[PDB]
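Enquirer: 3D, please:
(11 chains)
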Amino acid sequence: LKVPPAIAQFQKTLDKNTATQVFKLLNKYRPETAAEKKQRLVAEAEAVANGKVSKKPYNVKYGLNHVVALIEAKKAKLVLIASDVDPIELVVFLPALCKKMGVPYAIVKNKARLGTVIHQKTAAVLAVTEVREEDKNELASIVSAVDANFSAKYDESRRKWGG
Amino acid sequence: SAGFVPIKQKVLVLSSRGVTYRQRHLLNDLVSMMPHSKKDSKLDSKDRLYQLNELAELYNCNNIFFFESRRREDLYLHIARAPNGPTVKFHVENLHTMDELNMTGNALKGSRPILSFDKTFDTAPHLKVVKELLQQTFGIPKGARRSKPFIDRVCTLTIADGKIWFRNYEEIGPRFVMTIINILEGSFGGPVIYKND
Amino acid sequence: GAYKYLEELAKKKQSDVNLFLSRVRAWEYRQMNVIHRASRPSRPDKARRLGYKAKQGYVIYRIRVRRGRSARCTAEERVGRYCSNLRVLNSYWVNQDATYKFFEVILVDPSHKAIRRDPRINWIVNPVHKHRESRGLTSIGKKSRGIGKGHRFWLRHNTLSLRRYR
Amino acid sequence: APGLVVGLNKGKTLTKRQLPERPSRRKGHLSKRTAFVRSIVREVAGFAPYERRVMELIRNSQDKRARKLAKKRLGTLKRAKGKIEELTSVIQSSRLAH
Amino acid sequence: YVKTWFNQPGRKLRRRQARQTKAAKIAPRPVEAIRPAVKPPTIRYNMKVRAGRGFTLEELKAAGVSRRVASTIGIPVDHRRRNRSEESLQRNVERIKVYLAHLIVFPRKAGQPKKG
Amino acid sequence: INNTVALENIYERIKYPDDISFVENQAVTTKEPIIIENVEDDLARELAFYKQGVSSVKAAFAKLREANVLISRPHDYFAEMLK
Amino acid sequence: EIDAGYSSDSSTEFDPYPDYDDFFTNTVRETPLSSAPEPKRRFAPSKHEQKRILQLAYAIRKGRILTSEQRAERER
Amino acid sequence: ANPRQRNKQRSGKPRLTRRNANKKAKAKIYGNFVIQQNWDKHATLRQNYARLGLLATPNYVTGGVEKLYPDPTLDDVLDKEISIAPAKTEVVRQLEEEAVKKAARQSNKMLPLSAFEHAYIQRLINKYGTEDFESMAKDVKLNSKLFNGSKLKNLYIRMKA
RNA sequence: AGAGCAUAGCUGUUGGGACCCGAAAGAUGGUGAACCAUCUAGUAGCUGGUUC
RNA sequence: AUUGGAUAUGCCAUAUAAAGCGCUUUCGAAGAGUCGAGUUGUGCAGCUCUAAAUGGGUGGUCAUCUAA
RNA sequence: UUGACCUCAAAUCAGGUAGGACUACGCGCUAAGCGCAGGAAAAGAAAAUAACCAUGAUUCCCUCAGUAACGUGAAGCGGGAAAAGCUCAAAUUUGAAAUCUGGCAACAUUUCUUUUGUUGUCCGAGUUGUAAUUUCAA
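Expert: Numbering: from 1, shown residues only, chains lettered A, B, ... in the order given. There you are, the coordinates:
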């Protein structure tokens, strides 16, 4: 058949170098594991039991409903969509929603790579909303690359029927 | 444009939600009686009758036949002229369909019938309008599609005890007690100008 | 979040996105058995509003019925006999073509402790809920027998009630 | 005394009350979020084959034919009027950016 | 088929015992809940007063019984019914007031954790 | 209600052209009122209707013959009947 | 008026693969989609872990949970 | 008649005869203790309620009652405050007092503070005072849990006791 | 310047299997290569009978 | 001897918690091959088409409900 | 060359469950046939009536009423029995998946050495969404 433009736009993913750079920044903001989080809580629990303030965390945002609500909140600075969601309808609107709400987005390879970042088997989509001040330049540099290598590229190919 | 091969008269026949087998068969018989009736689908709205002109304009009909079955118990028939025109609301009772055994007539489809009207219609100006509207509608205009040059039926309307008896003769079969309810000056709108009482 | 987007997309069914998916997915569904297990619902929004939770004990089964009883009613019954250790929760239309109508059936495992201990789905463990599809007790079973509230919707008639003092 | 009297009558004196509106009656009110979602999905999903036919008929100023198709397609003039008005808005919005 | 009424007095007795059983369980409190007084909905019966289902949310607000604690003391709440006239409001607000006048609610044990 | 002046004006405005042929107009409205006062009874109403129909048929047949309208249905010419 | 005419196609007797059309996302929305006020909870330390910390402390006090020092020294 | 029923007649095994047929048997009152100690096990619940001075129904009665002996405005119905009602019998008086006394025993609804709460409110108090709770709420360095001025007032009021 | 309402009895009559017995069928579901079980107390102007 | 729901009382109680009702210069999501329309068979089902957002359903512009 | 995920398989792997009978009463498909339940079932908290001074889930009884409607044959109201209300989907927990099955190890507990749990730990499920909060009466 002839793939519609909204479904063909997923075949033109993000390239080697930019994806590797994107995942390098994501891996500095991975969420905290279930095994580690318990250790952090029992450390704080033991501190309060013997005798007795912290800072807000900084981790990448995941979850389809959570991220879509972050795009519509104009909070997400970068949205990374898996290219192989089994029901494609789950993300078929995400590129158009990101275009409408002025968010930089990219379609990257494999849900597992996004899944690995957040200690899950699979992640449909990932969003970066806030980064540490030390890495504001790195996120800004990556977003520029996504604009140049994903949004500036293709562009016309996402409006043409695929296949 | 305005219209190609313009036939003088066309008829738009509708029914409301809440119609019955006796009522539908009556609607089918009248639609089959005349070839310039454009049978259409129900009107889901029983409130904004002003949209009826939109159906008439779209379907290129000038005569509107709307069936309103209130309480799905009594049949009210509105006859109106699509461009402005007077809207006349009628009552229908004593249903006889094509399956009844007193039926003995058989006419020809598309044959233009002869219009015979009661002389009491000329006694009152509102009865003149009702008689005038009926002849322009039942009377099949010349050049109508699926119309035959033969003549095989005559429609007889007699005003007995204030109620019109519409009988078609070769009895053709359509039987009902035609009773006037009221008259609206506009196309399904405007102030009421006549109450039959 | 995105479940609102999924449902408004489902409304447009002849749309370019949906028509291409309906044709493609109908092909893949026809290549399988008549009744086959689905890893996840193909319309996760419809399953979710009908009762599906992504937890152990809930099962999705896809079935195809010959187009032209209600097909949706027949989908529930045939899946009910196939997975007879499960209770049928609900069922929803997913796909169709010129020959087949495709339905997905939500079933729960009544013997699973995660279902046996959820007070929200506890109710289906009780034996009064064996074969709700076999008795017209599902959503499309209830509608089929005109069960509802209104004026649109037998022993009491024919009996002669003879009272003690009469 | 804590008992009820059943039958008889009560003071026919009347004093009307203006009751507020119930939250169930709020249904059918368009939301800002639902308007946004429906416009996004309208764009993404594309248009039905009969919606394309209607939009091209409107494009060539064949409005009478366009309404005849939509009314036969959907099934009512009321649905046809809304579909024509929605697709006409789409045509104007697309014509702005096309 | 004939429905024969030979169990008319055996039903009568069974219903009395169900009342007796219901009391035995909650004997200090009435065997039936209280009901509002409502006017039947027609031109034929609107001059009668009959028992309703439950009290409206305007009636409970005016009396002083929040819709949560209303059911716990045997006051039914009908959310569907409303008060189109002040007569129905004041007739049933007074009914709740009289019922609360005769009410003896027995205190319950409340958890009192040792710490703060 | 019953605005006679308005109703008469509407009737005249929407009046069909009398210049149309009798066969073309297909109207047999005469001047002598064939209306039985006892039309409540079935027999009197049927007789009055039959008399009006007979007069209408005779007038139409004479007009059809004058206007060369073959009102006689031909057996060879087969067409779908109304009933 | 109506003229009771018959349409040229009255019953009484094209780029199947068009390009994507941006009639809605051609312009960027400036403001958030929801006007719901921000809850205070997002500006405060989480009550989820505070609930979890307190019930971890209780098990530490009751000896159900081996403390980090006791568990670490037990590994040796 | 039935084969299952002939199965039992033709076998020497006894039936599972259970003797639980007690007619005129009324249910015995558990639930309350004051009601149990003043319940005539013969009389009906209507009679027992009426003798005890209670109401069996707060509504009407759908039949004639037993007669044994030949016995010889909006603002006013909304702001009125009925002052309870007298207790006709001694059982109702006994129920009334025990409920009042039981309230007195369990009358300390007020809560003490804890170590965390006391240091939280005290630290806010020393810096901001004991009257400006609005400015207390708007502080974030000390009011880490981000309590509003109404929860701070309850902490301050509760700390004294 | 109201005579009805209820209950019971007798009598008549209408519908229920309908005073008792007796009529060629057919249907649903089975058995054996027609039979069997329900429907069925099938259909009555008729036959025979109908008790001090 | 098995247990019901209560009562009295002891010991624990993760309350840095969880509620009800005051207020609002803040918000308020609501179920689609469904509803509906056309046509056949026995409201329901088949088949063709197929929606909306103060909308939709059902009654007399009003009332009343708020489906899938 | 390795690993992650996906999809499909195998096992006399571990733990379960289904069938058949009864069927007076229940609920379905099509008296009979067929399917499926329980101690009752079904129904059930209005996309319900009404046109009033309005009513208020369901079921049952009386009445409406042999009425309306088109010989068939109700229903609103009215009298009574019993009365009980709620759960989700759709809004980010986002200052923290707060959620859950299982294995193992302890402990407790029993209509019961037969039952049923608690705590700890490890894996798995789950961000394609498990909890809390919310259900328009808001």
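Enquirer: most centrally placed residue in the chain?
Expert: Since you didn't name a chain, this refers to chain A. Centrality entry for chain A: nearest residue to the mean C-alpha point is residue A:126, 2.3 Å, by C-alpha atoms, centre = their mean.
Enquirer: wrong one, chain E
Expert: Nearest residue to the geometric centre of chain E (C-alpha atoms, centre = their mean): residue E:34, 2.8 Å.
Enquirer: Residue B:54: how many residues sit nearby?
Expert: Neighbours of residue B:54 under the rule other C-beta atoms under 10 Å in any protein chain shown: 16. C-beta coordinates here come from the backbone N, C-alpha and C atoms, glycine included.
Enquirer: contacting residues for it?
Expert: When contacts are counted by C-beta atoms under 8 Å, 6 or more residues apart in numbering or on different chains, residue B:54 touches D:77, D:81.
Enquirer: Swap in 7 Å and give it another go.
Expert: Applying C-beta atoms under 7 Å, 6 or more residues apart in numbering or on different chains, we find residue B:54 in contact with residue D:77.
Enquirer: how about the helix or strand hosting it, does it get close to RNA strand J?
Expert: Using DSSP states H and E, residue B:54 sits within helix B:52-59. No - against RNA strand J, helix B:52-59 shows no contacts by C-beta under 7 Å from any atom of the strand, the least distance being 12.4 Å.
Enquirer: what's around the residue in chain B positioned nearest to chain H, how many residues?
Expert: Sorted by distance to chain H under C-beta to the nearest C-beta, the residues of chain B start with residue B:71, at 36.4 Å. Residues near residue B:71, counting by other C-beta under 10 Å, number 6.
Enquirer: ok but residue B:182 is inside a helix, no?
Expert: No - read with DSSP: H, G, I helix; E, B strand; the rest coil, residue B:182 is strand and lies in no helix.
Enquirer: Could you give the bridge partners of it?
Expert: residue B:89, residue B:195 (DSSP bridges).
Enquirer: ok, it touching residue B:191?
Expert: No - the criterion here is C-beta atoms under 7 Å, and residue B:182 misses it with residue B:191 at 11.2 Å.
Enquirer: Tell me which stretches of chain B form strands.
Expert: Under the criterion DSSP state E, chain B contains strands at B:11-15, B:37-39, B:63-70, B:74-81, B:87-96, B:114-117, B:154-160, B:163-169, B:175-186, B:189-195.
Enquirer: Residue F:55: which of those is closest?
Expert: Closest to residue F:55 of the strands of chain B is strand B:114-117 (C-beta to C-beta; 8.2 Å).
Enquirer: Who are the packing partners of the longest helix along chain F?
Expert: With DSSP state H setting the assignment, residue counts place helix F:42-66 as the longest helix in chain F. Applying 3 or more C-beta pairs under 7 Å, 6 or more residues apart in numbering or on different chains; DSSP states H and E, one finds that helix F:42-66 makes contact with strand B:114-117, strand B:154-160, strand B:163-169, helix F:22-25.
Enquirer: and among these, the most buried is which?
Expert: Among those, strand B:114-117 has the highest mean neighbour count (mean count of other C-beta atoms under 10 Å in any protein chain shown), at a mean of 26.
Enquirer: Give me the contacts around that one.
Expert: Residues from elsewhere that reach strand B:114-117 (C-beta under 7 Å, 6+ apart): B:131, B:135, B:138-139, B:151, B:154-157, F:26-29, F:52-53, F:56, F:60.
Enquirer: what do you get if the cut-off is 8 Å, keeping everything else the same?
Expert: Contacts with strand B:114-117, where a contact means C-beta under 8 Å, 6+ apart, come from B:131, B:134-135, B:138-139, B:151, B:153-157, F:25-29, F:52-53, F:56-57, F:60.
Enquirer: Just give me the neighbour total for residue B:83.
Expert: The local packing of residue B:83 (other C-beta under 10 Å) involves 14 other residues.
Enquirer: wait, it sits on residue F:14?
Expert: No - applying C-beta atoms under 8 Å as the test, residue B:83 and residue F:14 come out as separate, 10.1 Å apart.
Enquirer: Tell me how far the residue lying closest to residue B:172 once chain neighbours are set aside lies from residue D:44.
Expert: Spatial nearest neighbour of residue B:172, excluding adjacent residues (C-beta to C-beta, 6 or more residues apart in numbering or on different chains): residue B:105 at 4.1 Å. With the distance defined as C-beta to C-beta, to the nearest Å, residue B:105 ends up 62 Å from residue D:44.
Enquirer: out of these two, which sits in the more crowded spot?
Expert: Legend: neighbour count by other C-beta under 10 Å for residue B:105 and residue D:44, higher for residue D:44 (28 against 16).
Enquirer: which element is that one on?
Expert: helix D:32-45.
Enquirer: Please name every helix or strand in contact with that helix.
Expert: Here helix D:32-45 is seen to pack against helix A:94-100, helix C:3-11, helix C:16-30 when contacts are counted using 3 or more C-beta pairs under 8 Å, 6 or more residues apart in numbering or on different chains; DSSP states H and E.
Enquirer: CA-only coordinates of the longest one, as CSV, when you get a sec.
Expert: Read that as helix C:16-30. Provided in CSV are the C-alpha atoms of helix C:16-30 (Å, rounded to 0.1, in the frame of the first residue of the first chain):
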residue,chain,number,x,y,z
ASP,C,16,-6.4,8.3,5.8
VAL,C,17,-4.5,7.2,9.0
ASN,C,18,-7.3,4.8,10.1
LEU,C,19,-8.2,3.4,6.7
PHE,C,20,-4.6,2.4,5.9
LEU,C,21,-4.2,0.8,9.4
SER,C,22,-7.5,-1.0,9.0
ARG,C,23,-6.5,-2.5,5.7
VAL,C,24,-3.0,-3.5,6.9
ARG,C,25,-4.1,-4.9,10.2
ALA,C,26,-7.0,-6.9,8.7
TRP,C,27,-4.3,-8.6,6.5
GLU,C,28,-2.2,-9.6,9.5
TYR,C,29,-5.2,-10.7,11.5
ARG,C,30,-6.4,-13.0,8.7
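Enquirer: The helix or strand just after that helix packs against which elements?
Expert: Note on helix C:16-30: by DSSP H and E, the next helix or strand toward the C-terminus is strand C:35-38. On a contact count with 3+ C-beta pairs under 8 Å, 6+ apart, strand C:35-38 meets strand C:58-66, helix C:71-82.
Enquirer: Within its sheet, name the partner strands of strand C:35-38 and how each one runs.
Expert: Next to strand C:35-38 in the sheet, as set by DSSP bridges, lie strand C:58-66 (antiparallel).
Enquirer: residue contacts, the residue nearest to residue G:61 when sequence neighbours are not counted?
Expert: Nearest residue to residue G:61, sequence neighbours excluded (C-beta to C-beta, 6+ apart): residue A:49, at 5.6 Å. Shown in contact with residue A:49 (C-beta under 8 Å, 6+ apart): G:57, G:60-61.
Enquirer: and if you look at residue C:79?
Expert: Residue C:79 makes contact with C:35, C:61, C:63, C:88, C:91, C:105, C:107, according to C-beta under 8 Å, 6+ apart.
Enquirer: I'd assumed residue C:133 was in contact with the fourth one.
Expert: Yes - counting by C-beta under 8 Å, residue C:133 is a contact partner of residue C:88 at 4.6 Å.
Enquirer: what is in contact with those two at once?
Expert: Common neighbours of residue C:88 and residue C:133 (C-beta under 8 Å, 6+ apart) are C:76, C:80.
Enquirer: The residue of chain G found nearest RNA strand K: neighbouring residues, count only.
Expert: Closest residue of chain G to RNA strand K, C-beta to the nearest atom of the strand: residue G:46 (3.0 Å). Residues near residue G:46, counting by other C-beta under 10 Å, number 14.
Enquirer: now swap in the one 3 residues further on and tell me
Expert: Other residues within reach of residue G:49, judged by other C-beta under 10 Å, total 16.
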